[PDB]
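*Asks:* Handing you this structure, nothing more for now.
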Amino acid sequence: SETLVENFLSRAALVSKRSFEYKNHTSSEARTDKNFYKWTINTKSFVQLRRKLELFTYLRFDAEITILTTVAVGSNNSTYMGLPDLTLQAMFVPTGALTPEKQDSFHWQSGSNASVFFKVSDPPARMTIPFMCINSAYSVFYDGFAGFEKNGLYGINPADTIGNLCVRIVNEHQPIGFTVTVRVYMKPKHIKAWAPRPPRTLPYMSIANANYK
Amino acid sequence: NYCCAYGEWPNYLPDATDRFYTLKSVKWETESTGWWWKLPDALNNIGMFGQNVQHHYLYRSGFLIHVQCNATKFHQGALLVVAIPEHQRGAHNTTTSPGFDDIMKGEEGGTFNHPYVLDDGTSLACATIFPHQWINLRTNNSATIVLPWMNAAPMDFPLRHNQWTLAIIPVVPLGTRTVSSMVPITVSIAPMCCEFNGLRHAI
Amino acid sequence: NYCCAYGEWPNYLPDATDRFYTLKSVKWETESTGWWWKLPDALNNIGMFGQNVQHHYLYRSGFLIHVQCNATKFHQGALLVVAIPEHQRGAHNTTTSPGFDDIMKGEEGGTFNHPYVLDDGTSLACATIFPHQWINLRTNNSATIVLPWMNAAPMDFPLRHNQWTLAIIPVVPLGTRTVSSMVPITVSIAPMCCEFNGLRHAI
Amino acid sequence: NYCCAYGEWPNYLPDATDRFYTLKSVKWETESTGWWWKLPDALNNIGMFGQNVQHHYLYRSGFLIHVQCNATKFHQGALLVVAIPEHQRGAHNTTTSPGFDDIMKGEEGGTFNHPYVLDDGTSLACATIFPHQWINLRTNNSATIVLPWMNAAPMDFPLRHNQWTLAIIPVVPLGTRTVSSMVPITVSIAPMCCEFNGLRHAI
Amino acid sequence: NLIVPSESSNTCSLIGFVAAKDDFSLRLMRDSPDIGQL
Amino acid sequence: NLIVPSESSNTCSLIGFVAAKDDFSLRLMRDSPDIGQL
Numbered sequence: 055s056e057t058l059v060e061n062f063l064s065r066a067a068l069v070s071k072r073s074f075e076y077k078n079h080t081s082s083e084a085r086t087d088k089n090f091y092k093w094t095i096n097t098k099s100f101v102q103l104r105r106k107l108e109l110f111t112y113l114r115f116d117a118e119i120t121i122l123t124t125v126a127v128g129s130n131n132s133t134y135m136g137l138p139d140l141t142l143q144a145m146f147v148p149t150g151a152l153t154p155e156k157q158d159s160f161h162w163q164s165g166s167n168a169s170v171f172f173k174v175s176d177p178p179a180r181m182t183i184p185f186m187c188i189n190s191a192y193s194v195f196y197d198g199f200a201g202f203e204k205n206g207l208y209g210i211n212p213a214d215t216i217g218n219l220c221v222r223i224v225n226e227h228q229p230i231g232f233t234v235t236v237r238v239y240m241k242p243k244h245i246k247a248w249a250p251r252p253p254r255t256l257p258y259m260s261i262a263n264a265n266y267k
Numbered sequence: 030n031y032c033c034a035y036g037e038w039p040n041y042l043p044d059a060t061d062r063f064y065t066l067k068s069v070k071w072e073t074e075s076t077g078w079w080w081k082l083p084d085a086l087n088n089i090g091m092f093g094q095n096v097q098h099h100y101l102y103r104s105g106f107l108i109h110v111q112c113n114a115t116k117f118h119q120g121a122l123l124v125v126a127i128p129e130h131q132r133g134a135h136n137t138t139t140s141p142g143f144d145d146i147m148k149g150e151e152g153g154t155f156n157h158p159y160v161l162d163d164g165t166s167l168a169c170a171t172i173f174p175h176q177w178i179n180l181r182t183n184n185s186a187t188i189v190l191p192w193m194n195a196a197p198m199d200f201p202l203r204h205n206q207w208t209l210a211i212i213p214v215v216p217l218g219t220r221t222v223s224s225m226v227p228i229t230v231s232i233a234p235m236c237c238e239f240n241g242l243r244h245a246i
Numbered sequence: 030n031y032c033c034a035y036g037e038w039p040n041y042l043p044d059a060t061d062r063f064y065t066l067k068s069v070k071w072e073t074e075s076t077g078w079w080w081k082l083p084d085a086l087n088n089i090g091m092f093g094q095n096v097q098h099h100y101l102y103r104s105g106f107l108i109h110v111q112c113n114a115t116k117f118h119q120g121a122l123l124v125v126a127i128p129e130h131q132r133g134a135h136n137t138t139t140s141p142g143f144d145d146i147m148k149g150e151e152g153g154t155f156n157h158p159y160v161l162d163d164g165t166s167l168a169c170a171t172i173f174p175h176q177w178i179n180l181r182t183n184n185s186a187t188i189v190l191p192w193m194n195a196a197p198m199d200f201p202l203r204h205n206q207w208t209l210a211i212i213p214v215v216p217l218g219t220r221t222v223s224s225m226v227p228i229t230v231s232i233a234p235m236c237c238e239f240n241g242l243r244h245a246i
Numbered sequence: 030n031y032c033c034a035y036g037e038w039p040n041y042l043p044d059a060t061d062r063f064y065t066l067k068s069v070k071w072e073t074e075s076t077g078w079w080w081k082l083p084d085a086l087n088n089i090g091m092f093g094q095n096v097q098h099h100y101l102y103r104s105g106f107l108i109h110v111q112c113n114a115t116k117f118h119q120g121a122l123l124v125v126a127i128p129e130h131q132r133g134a135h136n137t138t139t140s141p142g143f144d145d146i147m148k149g150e151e152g153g154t155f156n157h158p159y160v161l162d163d164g165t166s167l168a169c170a171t172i173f174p175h176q177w178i179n180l181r182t183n184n185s186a187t188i189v190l191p192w193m194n195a196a197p198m199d200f201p202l203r204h205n206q207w208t209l210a211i212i213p214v215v216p217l218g219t220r221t222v223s224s225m226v227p228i229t230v231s232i233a234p235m236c237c238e239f240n241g242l243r244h245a246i
Numbered sequence: 199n200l201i202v203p204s205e206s207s208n209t210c211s212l213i214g215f216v217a218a219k220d221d222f223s224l225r226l227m228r229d230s231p232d233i234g235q236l
Numbered sequence: 199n200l201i202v203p204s205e206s207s208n209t210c211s212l213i214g215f216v217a218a219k220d221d222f223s224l225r226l227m228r229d230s231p232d233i234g235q236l
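Chains as they are written, first to last, in the deposited numbering: chain A, 55 to 267; chain B, 30 to 44, 59 to 246; chain B', 30 to 44, 59 to 246; chain B'', 30 to 44, 59 to 246; chain C, 199 to 236; chain C', 199 to 236. A prime marks a further copy of an entry chain.
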């Protein structure tokens with residue numbers, strides 16, 4: 055029973071820990087986070103849960119998402135001052151839907167998209183991402199190309215891109231900067247696993263492909 | 030005896060091209076690393092099924108893999124015939140995704156670069172979890188493998204997706220003390236329970 | 030399995060000498076053309092049947108042909124064993140009828156001059172219309188052929204007529220890469236359902 | 030198939060150690076005379092049965108002899124596997140009784156000095172009166188022999204008596220034309236229906 | 199490819215055959231050009 | 199001893215396998231040291 059695949063794959067492993075900075079990034083920033091981070095939901099960024107999910111080909115599951123956000127003071131301020139409250143509008147962007155580019159990026163209203171509301175002074179955000187892919191399971195691999203052009207990337211599904219889990223500061227900027235470490239936890243429930251693969255032996259170098267060295 | 034994948038017979042989709064498309068048989072040597080044929084890319088350009096690949100935007104097909112190792116009884120060697128479900132390959136020591144010519148090898152199929160890790164970061168030592176038989180020339184001269192529909196999508200494009208991937212690997216190299224002699228790997232694939240919809244232009 | 034001629038078992042005439064008369068086995072080589080034994084001329088001089096040939100003016104007999112090719116499994120070669128019904132031979136490039144010594148070869152039998160045309164103007168390529176088996180050393184090491192009475196006359200003289208004619212022909216020459224080695228053709232003939240009348244002097 | 034001695038299955042005494064004790068397999072050569080293993084002296088020092096030999100003053104046991112000659116099919120040779128009941132050996136040209144080291148050979152067993160007379164004054168040509176099989180590599184690669192209790196005493200000491208004596212003799216020497224190559228004689232003995240009484244010190 | 203042992207014959211061979219099924223039929227019997235008088 | 203014909207391959211080989219019976223069980227799932235991020 056403990057060795058059931060539902061019991062096996064439902065471990066809340068950290069797959070994206072983004073310590074994204076909360077400051078007036080509109081003042082002088084070039085490429086970095088503008089009080090928001092756009093993370094495409096792929097379960098392959100951290101190799102523990104990745105090698106847990108390279109065990110199988112096809113993995114249809116209801117992907118429970120748990121977002122634990124901890125606000126720490128910035129090193130520029132170098133003062134504690136107490137932890138201020140900060141509600142976060144955590145949007146999931148589905149495949150095909152547009153992704154935001156700013157903190158006030160006009161997509162955060164989410165007329166079609168689904169966003170949740172929570173605070174930092176509240177236990178972590180537990181919702182359940184629906185199994186949304188066009189195919190009947192999550193092909194974590196793709197022996198093929200996403201597009202019909204030759205330069206399409208190998209290994210990427212045009213259907214298993216889960217979305218973009220975009221988390222911002224809906225509140226305005228503070229004069230005191232704060233590094234918000236957002237930790238993303240995947241609890242895949244309702245595991246429907248198919249066709250087991252060997253566990254990976256050689257270390258990874260690229261998240262997208264399965265190259266070896 | 031056949032070794033149908035995970036104990037189920039292939040069939041049509043729930044609510059002509061069954062000719063055994065024998066490939067050009069590869070020379071098995073002592074130094075032969077192994078040969079992989081991605082399906083239907085091994086049959087994308089040959090036969091009426093190969094024309095159905097271009098003529099249809101979507102497809103579904105099972106495959107009756109039959110590998111033949113015609114050998115003397117004095118010959119030595121076992122090949123892992125493994126039909127990998129969805130073999131996403133990798134390249135050694137590079138972070139780059141492998142391109143068209145390293146995967147879309149056509150009817151001839153690709154050789155194995157580092158087959159011990161199965162050229163994908165896994166281990167071939169565990170690759171007997173797969174649809175798999177043995178062509179150990181002591182007892183088995185010809186093996187066969189039955190492959191159902193293996194895709195999360197019910198019915199998809201052939202020309203930009205490989206569902207199965209045959210991989211014939213010499214886990215034990217050839218032995219006849221004339222280094223190697225004859226022994227071809229006659230890989231014959233019959234697309235069984237084939238179905239094609241989406242009548243469009245021949246891509 | 031036996032291959033009785035045209036699917037009928039031999040029998041006595043409608044209204059002792061059944062010993063397997065094994066011949067001196069011929070060396071099969073790569074350059075061996077083929078060997079024919081005319082019946083009962085191959086058994087005219089050997090055994091109690093051979094004495095019955097001389098002691099009787101008329102005779103009838105079936106023959107249970109058994110050819111043995113004891114070989115290694117690494118040996119190569121198939122011989123057409125054909126029992127020709129009434130093999131009138133011919134000689135190459137001559138209009139003369141072939142004489143006694145070219146036909147009455149005795150127990151040893153005659154070699155084949157040009158066996159591709161079966162030394163009679165026909166073709167051996169069609170000579171599988173005959174009572175015929177294969178001694179392909181891949182699977183078949185020993186063949187046998189059952190021969191009934193084959194003569195338009197019901198019962199005739201042995202010493203001036205050959206009814207059947209065994210012909211063991213290498214359609215594929217021998218292969219063991221030591222050009223050729225051992226492999227005898229043990230041709231054993233048992234006159235079965237033999238019958239002899241006309242008790243006269245031993246001719 | 031087994032060849033149980035004189036057609037009777039072994040059993041317990043009328044009113059644990061059944062592991063197949065495989066020996067160190069002897070090299071069979073062309074010049075190999077033959078090898079004899081006296082029982083239980085071949086198993087006196089190996090295994091839990093070997094410890095039961097020392098730990099018990101008296102014993103009874105049957106033996107399931109299994110000889111394995113793993114060979115190529117191109118290899119040649121038949122060994123007489125004979126389990127002699129009570130093989131009192133002899134030495135050539137001497138009147139002296141053979142001593143400890145010529146008989147108590149241990150697990151490795153003794154070679155044959157003059158095996159044609161079976162090293163006891165008899166003839167090996169008649170030694171097929173024995174429990175006996177053939178390991179003729181043409182057809183038989185592995186033989187086995189079932190041995191009941193063979194002693195006039197119902198139950199006696201192991202360490203000073205050999206009831207059976209295996210003797211694997213090349214009546215025909217090995218042939219592979221590379222004089223000899225590989226072919227071990229895997230002699231595996233399982234003491235079946237073993238029984239031990241007389242719990243004394245380990246002798 | 200043909201694979202043979204290093205002790206066996208390297209040049210292997212193969213023999214074809216033809217026969218008919220029971221559905222074979224012939225009409226319009228004619229003199230063949232296989233043979234002729236001269 | 200391994201005995202091979204003088205025409206066949208002298209260096210023979212052998213392949214092992216492992217699997218479980220139906221009585222295999224596992225508890226206390228942990229992160230393996232087979233792989234790690236760096």
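Positions of the beta carbon are idealized from the N, C-alpha and C atoms, including for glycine.
Quick check on the burial criterion: 16 or more other C-beta atoms within 10 angstroms. Buried or exposed for A/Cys220?
*Replies:* Walking along the first sequence from the start, residue 220 of chain A turns up at place 166. Buried, by the Cβ-count rule.
*Asks:* Take B''/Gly36 as the anchor and find which of B''/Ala233, B''/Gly152, B''/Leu122 and B''/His175 has the nearest alpha-carbon.
*Replies:* Residue mapping note: residue 36 of chain B'' aligns to position 7 of the fourth sequence, counting from 1. Ranking B''/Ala233, B''/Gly152, B''/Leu122 and B''/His175 by Cα distance to B''/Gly36 puts B''/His175 first.
*Asks:* Who are the neighbours of C'/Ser206 on chain B, taking C-beta pairs under 9 Å?
*Replies:* For the purposes of this step, residue 206 of chain C' is taken as the residue at position 8 of the sixth sequence. Within 9 Å Cβ-Cβ: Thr115, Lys116, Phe117, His118, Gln119, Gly218, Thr219 and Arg220.
*Asks:* Sort out for me which residues DSSP pairs residue 50 of chain B' with in a bridge.
*Replies:* Between 44 and 59, chain B' has no modelled residues, and residue 50 of chain B' is one of the positions in that gap.
*Asks:* What are the boundary residues of the alpha helix (DSSP H) that A/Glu60 is part of?
*Replies:* In the first sequence, the residue the question calls residue 60 of chain A occupies position 6. Where A/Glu60 is concerned, the enclosing alpha helix (DSSP H) stretches over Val59 to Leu63.
*Asks:* Helix, strand or coil: which one does DSSP assign to A/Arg72?
*Replies:* Along the first sequence, one-based indexing puts residue 72 of chain A at 18. Strand, per DSSP.
*Asks:* Drop a sphere of 10 angstroms on the beta-carbon of B'/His99, count the other beta-carbons inside from all chains shown, and report buried for 16 or more, exposed for fewer.
*Replies:* The count along the third sequence starts at 1 and reaches residue 99 of chain B' at position 56. Under the 10 Å beta carbon count, B'/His99 is surrounded by 16 or more other beta carbons and is classified as buried.
*Asks:* May I have the straight-line CA-CA distance separating A/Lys92 from A/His244, to the nearest angstrom?
*Replies:* In the first sequence, counting from the first residue as 1, residue 92 of chain A sits at position 38. In the first sequence, counting from the first residue as 1, residue 244 of chain A sits at position 190. Looking at the two C-alpha atoms, the distance is approximately 27 Å.
*Asks:* Note down, in chain order, every chain B residue with its Cβ under 8 Å from the Cβ of A/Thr255.
*Replies:* Indexing the first sequence from 1 puts residue 255 of chain A at position 201. Here the neighbours are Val160, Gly164, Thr165 and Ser166.
*Asks:* Which same chain residues end up closer than 8 Å to residue 254 of chain B when comparing Cβ atoms and leaving out the 5 residues on each side of it in sequence?
*Replies:* Residue 254 of chain B lies beyond the residue range present for chain B, which begins at 30 and ends at 246; the question has no answer from this structure.
*Asks:* Below 8 Å between beta carbons is the criterion; list the residues of the segment 192-215 of chain B that meet it against any residue of chain C', in chain order.
*Replies:* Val214 and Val215
*Asks:* So if DSSP puts B'/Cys112 in a beta bridge, which residue, or which two residues, is it bridged to?
*Replies:* As a working mapping, residue 112 of chain B' is identified with position 69 in the third sequence. In the DSSP output, where bridge partners are listed per residue, B'/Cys112 has B'/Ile228.
*Asks:* Evaluate the contact criterion for the segment 201-217 of chain B versus the segment 109-126 of chain B: three or more CB pairs, one atom per stretch, below 8 Å.
*Replies:* Cβ pair count under 8 Å is three or more, so yes.
*Asks:* Whose Cβ in chain C lies nearer than 9 Å to the Cβ of B/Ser68?
*Replies:* Here residue 68 of chain B refers to the residue found at position 25 when the second sequence is read from its first residue. Simply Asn199.
*Asks:* Straight-line CA distance for B/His109 to A/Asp116?
*Replies:* In the second sequence, residue 109 of chain B corresponds to position 66, counting from 1. In the first sequence, residue 116 of chain A corresponds to position 62, counting from 1. Their backbone Cα atoms lie some 38 Å apart in a straight line.
*Asks:* If you count every other CB in all the chains shown that lies within 10 Å of the CB of B/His118, and 16 or more means buried, which is it?
*Replies:* Looking up residue 118 of chain B in the second sequence gives position 75. Within 10 angstroms of the beta-carbon of B/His118 lie 16 or more other beta-carbons, which makes it buried.
*Asks:* Since C/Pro203 meets chain B', which of its residues come closer than 7 Å, beta carbon to beta carbon?
*Replies:* Walking along the fifth sequence from the start, residue 203 of chain C turns up at place 5. Here the neighbours are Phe117.
*Asks:* Run the CB neighbour count on B'/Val96, radius 10 Å, all protein chains shown included, and call it buried at 16 or more, exposed below.
*Replies:* As a position in the third sequence, residue 96 of chain B' is number 53, starting the count at 1. It counts as buried.
*Asks:* Exposed or buried, what is B'/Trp38 when buried is set at 16 or more other beta-carbons lying within 10 Å of its beta-carbon?
*Replies:* As a working mapping, residue 38 of chain B' is identified with position 9 in the third sequence. Per the 10 Å Cβ criterion, exposed.
*Asks:* Closer than 8 Å, CB to CB, is B''/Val226 near chain C' or not?
*Replies:* For the purposes of this step, residue 226 of chain B'' is taken as the residue at position 183 of the fourth sequence. Yes, B''/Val226 counts as interfacial toward chain C'.
*Asks:* Please name the residue or residues paired with A/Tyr134 in a DSSP beta bridge.
*Replies:* The count along the first sequence starts at 1 and reaches residue 134 of chain A at position 80. Within the DSSP secondary-structure output, A/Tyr134 pairs in no beta bridge.
*Asks:* Going by DSSP, which residues form a beta bridge with B/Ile146?
*Replies:* On the second sequence, position 103 is the one that residue 146 of chain B refers to. Within the DSSP bridge table, the entry for B/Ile146 names no partner.
*Asks:* Between B'/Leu107 and B'/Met235, is the Cβ-Cβ spacing less than 8 Å?
*Replies:* To locate residue 107 of chain B', count along the third sequence from 1; it is residue 64. To locate residue 235 of chain B', count along the third sequence from 1; it is residue 192. Contact: yes.
*Asks:* Please identify, using Cβ separations under 8 Å, the residues of the segment 80-98 of chain B that lie next to chain A, in order along the chain.
*Replies:* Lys81
*Asks:* With a cut-off of 8 Å on the beta carbons, I'd call A/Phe202 and B/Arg203 a contact; round off their distance for me.
*Replies:* As a working mapping, residue 202 of chain A is identified with position 148 in the first sequence. As a working mapping, residue 203 of chain B is identified with position 160 in the second sequence. Their Cβ separation, rounded to whole angstroms, is 6 Å, which keeps A/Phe202 and B/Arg203 in contact under 8 Å.
*Asks:* In the DSSP output, which residue or residues are listed as bridge partners for residue 56 of chain B''?
*Replies:* Coordinates for residue 56 of chain B'' are lacking, as chain B'' steps from 44 to 59 with nothing built in between.
*Asks:* In terms of alpha-carbon separation, which member of B''/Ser185, B''/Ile246 and B''/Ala245 lies closest to B''/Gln111?
*Replies:* Here residue 111 of chain B'' corresponds to residue number 68 of the fourth sequence, with the count starting at 1. Checking every option, the nearest Cα to that of B''/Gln111 belongs to B''/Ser185.
*Asks:* List the residues that DSSP assigns as beta-bridge partners of B'/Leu82.
*Replies:* The count along the third sequence starts at 1 and reaches residue 82 of chain B' at position 39. DSSP, once it has assigned bridges, lists B'/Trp207 as partnering B'/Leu82.
*Asks:* Buried or exposed, going by whether 16 or more other CB atoms sit within 10 Å of the CB of B''/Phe92?
*Replies:* For the purposes of this step, residue 92 of chain B'' is identified with residue 49 of the fourth sequence, where counting begins at 1. With 16 or more Cβ atoms within 10 Å of its Cβ, B''/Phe92 is classed as buried.
*Asks:* Quick one: is C'/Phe215 buried, meaning 16 or more other Cβ sit within 10 Å of its Cβ, or exposed?
*Replies:* Position 17 of the sixth sequence holds residue 215 of chain C'. Around the CB of C'/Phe215, fewer than 16 other CB atoms lie within 10 Å, so the residue is classed as exposed.
*Asks:* Quick one: which residues of the segment 240-253 of chain A get their C-beta closer than 9 Å to a C-beta of chain B? List them in chain order.
*Replies:* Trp248, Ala249, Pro250, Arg251, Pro252 and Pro253
*Asks:* What residue range does the beta strand (DSSP E) around A/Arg222 cover?
*Replies:* If you number the first sequence from 1, residue 222 of chain A lands on position 168. From DSSP, the beta strand (DSSP E) with A/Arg222 extends over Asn218 to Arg222.
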